[PDB]
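In: Quick one, fold the following:
(chains A, B, C and D)
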Amino acid sequence: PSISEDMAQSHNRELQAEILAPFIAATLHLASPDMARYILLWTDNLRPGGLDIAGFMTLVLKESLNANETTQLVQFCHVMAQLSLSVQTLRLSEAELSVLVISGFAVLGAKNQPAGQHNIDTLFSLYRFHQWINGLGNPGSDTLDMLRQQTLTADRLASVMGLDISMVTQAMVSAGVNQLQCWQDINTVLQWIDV
Amino acid sequence: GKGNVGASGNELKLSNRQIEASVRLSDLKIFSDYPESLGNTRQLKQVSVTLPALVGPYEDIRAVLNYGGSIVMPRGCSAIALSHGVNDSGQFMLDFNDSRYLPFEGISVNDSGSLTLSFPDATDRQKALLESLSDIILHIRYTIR
Amino acid sequence: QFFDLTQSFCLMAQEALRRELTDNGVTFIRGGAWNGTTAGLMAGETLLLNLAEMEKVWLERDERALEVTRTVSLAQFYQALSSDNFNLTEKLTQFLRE
Amino acid sequence: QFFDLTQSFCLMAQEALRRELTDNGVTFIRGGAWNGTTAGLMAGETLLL
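Out: Residues are numbered from 1 along each chain as shown, chains lettered A, B, ... in the order given. Next comes the structure:
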């Protein structure tokens, strides 16, 4: 009843996700419409059952015109349920998720898989990044700022941590990283300095 | 069955079965009517029209006023009609307090656009009626700021 | 009861709009405002959105239609009929005689 | 949805005023009422201003 096909045949994915965000926020027991829109972007980037968001909404507006793919629609639904409860359990907050989704998880990195799959590695890496976000403290948010671009530099990093610069120099020479392009690099420096 | 006299904007023609008479609004020289003192922006807001020809009972004159300017204000006021012409303004009432806009409101006082008096089927049913036609009066009320 | 009554009024409003615009396709009352799972609450503001949509449609598609008046004479009309052209007054007086 | 609709109404009102004063430069609505960070709240009183 609420929405129709008029903006369903459009090409503006972000507009469609933004306008659908309240409905998913309700059906998914989710906090804010912005997180609904972000997780919509994420599920689109997954493409669970060979679907996009516009297709998702067109099929929903269809009155169960798919005999078998309605189960695929509800599989998409359970998939966003899983990602949403991942967010709830890991307690990720607004800005970190926004950066990760707007960067297509490029600021994370993964193994033999772009962005992020739905396996254990993604969950573990996101959890690590989140404890590190929390332990950054007050300036850590603007740290994410310099993380959104590739201006994340060594001396600023060490100064935020409160640690020595030369430690970080040795860590980048040992870990082989010349620039902290992705959180894989950051995490490797983290593990080397932790050792 | 066809005539043409006049220049662009100020013309009279008989197209198809329809007599057209276009008047260039800028051609009327409303600027010179009153001094530039105590007035900066002038614009048209009302037009009534009179057709005092030989008309008895039961004869129904049909006229159309159309404006074809560049300033395009939404429909409802871009054209008016004439049936009686006895100080006919094109409405059941002459109210200046209308919540809505009067037809032909906001026009530039000497816009490059033109206004057309059009008589349908004068070939034809209004041929006799417009044969007896003498002339037309245009009472234009306009405001000056 | 109050919701049923305002629902009937809003339906009547939609029909009035439909007649005014002489288009019988535009619909805004799509039902479901009495959401049963939630005691049928919070339908007033959904109806308010319906009314806002009504007002938007009415104003945006508004068109001050051009007005024309036509005078018709029954004597001339009947005297000038394509299939049965006849004197109207004479037939009147005759039908009066019988 | 309601805020989008009232945004439309406010913009057509602005256009009506621009016609009335016959000046096309005066602007009052400059967007930003739908503050996305705040779930698009706080637009109503903005339109009031």
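In: which parts of the longest helix along chain A are buried?
Out: Determined from DSSP state H, the single longest helix within chain A is helix A:69-90. Within helix A:69-90, the residues that count as buried by 16 or more other CB atoms under 10 Å in any protein chain shown are A:69, A:72, A:73, A:76, A:77, A:79, A:80, A:83, A:84, A:86, A:87. Every C-beta, even on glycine, is put in place using the N, C-alpha and C of the backbone.
In: What of stretch C:75-86?
Out: Using 16+ other CB under 10 Å as the test for burial, stretch C:75-86 gives residue C:78.
In: Is that stretch in proximity to chain B?
Out: Yes - counting by CB under 8 Å from any CB of the partner chain, chain B has neighbours in stretch C:75-86: residue C:76.
In: end-to-end on that stretch?
Out: One end of stretch C:75-86 sits 9 Å from the other (CA to CA, to the nearest Å).
In: three-state assignment of the nearest residue to residue C:65 once chain neighbours are set aside?
Out: Excluding the flanking residues, the one nearest residue C:65 by CB to CB, 6 or more residues apart in numbering or on different chains is residue B:76, at 7.5 Å. Following DSSP: H, G, I helix; E, B strand; the rest coil, we place residue B:76 in the coil state.
In: Repeat that for the one 5 residues further on.
Out: The three-state label for residue B:81, taken from three-state DSSP, comes out as strand.
In: Next, count neighbours for it.
Out: Neighbours of residue B:81 under the rule other CB atoms under 10 Å in any protein chain shown: 17.
In: And it, how far from residue B:20?
Out: To residue B:20, residue B:81 is 15 Å away according to CB to CB, to the nearest Å.
In: check contacts around residue C:32.
Out: Residue C:32 sits next to residue A:1 when contact means CB atoms under 8 Å, 6 or more residues apart in numbering or on different chains.
In: switch the cut-off to 10 Å
Out: For residue C:32, the contacting residues are A:1, A:2, C:43, C:46, by CB atoms under 10 Å, 6 or more residues apart in numbering or on different chains.
In: Of the residues you listed, which pair is most distant in space?
Out: Spatially, the most separated pair among those is A:2 and C:43, at 13.6 Å (CB to CB).
In: So if I had to pick from those two, which one is more boxed in?
Out: Using other CB under 10 Å, the more surrounded residue of residue A:2 and residue C:43 is residue C:43, with 17 against 12.
In: Quick one: classify the residue lying closest to that one once chain neighbours are set aside as helix, strand or coil.
Out: Leaving aside its sequence neighbours, residue C:43 sits nearest to residue C:33 (CB to CB, 6+ apart; 3.6 Å). Assigned by three-state DSSP, the conformation of residue C:33 is coil.
In: Please report how far residue C:86 lies from chain B.
Out: As judged by CB to the nearest CB, to the nearest Å, residue C:86 and chain B stand 19 Å apart.
In: Touching, that residue and residue C:78? I think so.
Out: Yes - between residue C:86 and residue C:78 a contact is recorded at 6.2 Å, counting by CB atoms under 10 Å.
In: Pull the number of nearby residues for residue A:188.
Out: 19.
In: Can you list the buried residues in the helix or strand that contains it?
Out: Per DSSP states H and E, residue A:188 falls inside helix A:183-194. Within helix A:183-194, the residues that count as buried by 16+ other CB under 10 Å are A:183, A:184, A:185, A:186, A:187, A:188, A:189, A:190, A:192, A:193.
In: Please dump the residues you listed into CSV; it should also carry distance to chain B for every row.
Out: Below are those laid out as CSV (distance: CB to the nearest CB, whole Å):
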residue, distance to chain B
A:183, 55
A:184, 59
A:185, 60
A:186, 58
A:187, 61
A:188, 64
A:189, 64
A:190, 64
A:192, 69
A:193, 68
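In: and the residue of chain B at minimum distance from chain A, what is it in contact with?
Out: The minimum distance from chain B to chain A, using CB to the nearest CB, falls at residue B:74 (22.8 Å). Shown in contact with residue B:74 (CB under 10 Å, 6+ apart): B:101, C:60, C:62, C:63, C:64, D:12, D:15, D:19.
In: Phi and psi next, for it.
Out: phi -60, psi 160 (degrees, to the nearest 10).
In: right, and the helix or strand after the longest helix along chain C?
Out: Identified as the longest helix of chain C according to DSSP H is helix C:2-20. Using DSSP H and E, the helix or strand that follows helix C:2-20 in sequence is helix C:44-60.
In: List the buried residues for that next one?
Out: C:46, C:47, C:50, C:52, C:54.
In: overlap between the residues you listed and the residues near chain A?
Out: Applying CB under 10 Å from any CB of the partner chain to these, one finds that residue C:46 fall near chain A.
In: of all the residues in chain A, which ones are close to chain D?
Out: Checking chain A against chain D by CB under 10 Å from any CB, the hits are A:2-3, A:18-19, A:21-22, A:25, A:31-34, A:37, A:94-95, A:98.
In: mind redoing it with 6 Å?
Out: Counting by CB under 6 Å from any CB of the partner chain, chain A comes close to chain D at A:32, A:33.
In: Same question for chain B.
Out: Within chain B, the positions lying close to chain D (CB under 6 Å from any CB) are residue B:106.
In: Would you check how far apart the residue positioned nearest the centre of chain C and chain B are?
Out: The centroid of chain C falls nearest to residue C:19 when counting by CA atoms, centre = their mean (2.2 Å). Applying CB to the nearest CB, the value for residue C:19 to chain B is 19 Å.
In: Kindly report the same for residue C:34.
Out: 36 Å.
In: Counting neighbours, what do you get for the nearest residue to that residue once chain neighbours are set aside?
Out: In space, and not counting its chain neighbours, residue C:34 is closest to residue C:40: 3.9 Å by CB to CB, 6+ apart. As a burial measure, residue C:40 scores 12 neighbours (other CB under 10 Å).
In: can you list contacts of stretch C:84-98?
Out: With CB atoms under 6 Å, 6 or more residues apart in numbering or on different chains as the test, stretch C:84-98 has contacts from C:75, C:78.
In: switch the cut-off to 7 Å
Out: If you take CB atoms under 7 Å, 6 or more residues apart in numbering or on different chains as the criterion, stretch C:84-98 is touched by C:74, C:75, C:78, C:79.
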